[PDB]
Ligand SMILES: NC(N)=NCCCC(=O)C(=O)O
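This document opens with one chain alone, in structure tokens, the form solved without the named molecule.
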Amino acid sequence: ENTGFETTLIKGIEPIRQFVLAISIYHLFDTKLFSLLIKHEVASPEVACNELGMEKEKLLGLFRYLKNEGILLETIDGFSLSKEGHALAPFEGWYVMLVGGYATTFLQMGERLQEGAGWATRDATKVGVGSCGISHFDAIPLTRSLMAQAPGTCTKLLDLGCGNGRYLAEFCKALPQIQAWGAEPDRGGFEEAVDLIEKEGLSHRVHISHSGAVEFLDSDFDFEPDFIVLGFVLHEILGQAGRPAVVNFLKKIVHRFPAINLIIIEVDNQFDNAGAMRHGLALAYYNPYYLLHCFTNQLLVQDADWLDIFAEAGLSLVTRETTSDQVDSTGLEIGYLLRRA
């Protein structure tokens, strides 16, 4: 008889409804349709197609789907972002990172659970672009706050794992006397950094290298930074190369630059902490973030574990801070300002 089944089905597949919507919102941003709708205000599928080189029947399908979900409005003149659609704008970075960057990673979990199946891959270009969008809200303000508490002034900044160069673009626009150098291991991210830096008019003050963090420190680069930023880099080295390699990397920084100020941003691994995991942002962001870090060759550890690593590498903690409680009040994103002990 299946009495009452339909009502249970609508609730039971609610995650599937939102799964498709998240992918569709990701494409709305990534394809530049969102920016086109902002610019035009109202656009017919024919006009959007001509501008972006798209096929009308596929675009009409995406537009009708988004209209049914309330992201778009449709009038005789075309489609427009609704108030709900406009409200998505600040969140672009999260969609680009988690859907663009990590959709393949989540999809690979079934096969990668098998003995010997290896680590899940990701689209590191989208991870970098997306995380840089996110960093405008959380990590860049945190880095700025810690930099203000260091002695002297920043004149030469080195950012390892720079993604598309957003930290360097923001710091260079706010602090005009700064000279900067960024290194990014992903080729696509490296190319996006060279383009963003050129678009912001900063190519004469900021240079980008296609390199990983450990290999950059071992290279014959000619730059004497007084600040080094390691934003979510150490947990990649920890997973890929091991704890002795992280300790040795940190020792090499202060051996080469004994008066340097280090700013390290890391995520505290509280995946098993019942109270922490009930916070709305812990469920929305950190629970999937922790899951991805079990399937990729990265290792998140606790605040106490990082403090032990810093001590073993011969570093002293100047101050520790978390993100503004207006943006992320979980206390899981922690920034450390360190110096040679």
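Numbers for residues come from their place in the sequence shown, where the first is 1.
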- request: Averaging the C-alpha B factors as listed in the entry, name the stretch that ends up higher: 190 to 198 or 103 to 111.
  value: 190 to 198
task: Between 298 to 306 and 37 to 45, name whichever shows the higher mean Cα B factor according to the PDB entry.
output: 37 to 45
- request: Choose from 122, 235, 86, 166 the residue with the greatest Cα B-factor as stated in the PDB record.
  value: 166
- prompt: Quick one: which of 139, 230, 174, 129 has the biggest Cα B-factor according to the entry?
  reply: 174
query: Would the CA B-factor of residue 206 place it in the lowest, middle or highest third of its chain?
result: highest
query: Going by the entry, which third of its chain does the Cα temperature factor of residue 266 land in?
result: lowest
statement: Temperature factor at the Cα of residue 55, chain-ranked in thirds, falls in the middle
statement: By the entry's values, the third containing the CA B factor of residue 160 is the highest
field: residue 78 by Cα B-factor - lowest, middle or highest third of the modelled chain
entry: middle
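Heads up, the form solved in complex with the named molecule isn't pictured, but that's what we're talking about next.
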query: Is it true that 137, 170 and 322 each have at least one non-hydrogen atom within 4.5 Å of the named molecule in the deposited complex?
result: no
query: Which of these residues, 293, 27, 64, 279, gets a heavy atom within 4.5 Å of the named molecule in the deposited complex?
result: 293
- request: Scan 302, 298, 35, 44 and let me know which has any heavy atom within 4.5 Å of the named molecule in the deposited complex.
  value: 298
query: Hey, in the deposited complex, does residue 131 get a heavy atom within 4.5 angstroms of the named molecule?
result: yes
message: I'd like to know whether residue 95 contacts the named molecule in the deposited complex, with contact meaning heavy atoms within 4.5 angstroms.
response: no
query: Is there a heavy atom of residue 310 no more than 4.5 Å from a heavy atom of the named molecule in the deposited complex?
result: no
Partner contact for residue 306 in the deposited complex: the named molecule, 4.5 angstroms, heavy atom: no
query: the named molecule isn't shown here, but in the deposited complex, which of 80 to 88, 231 to 239, 252 to 260, 104 to 112 has heavy atoms within 4.5 Å of it?
result: 231 to 239
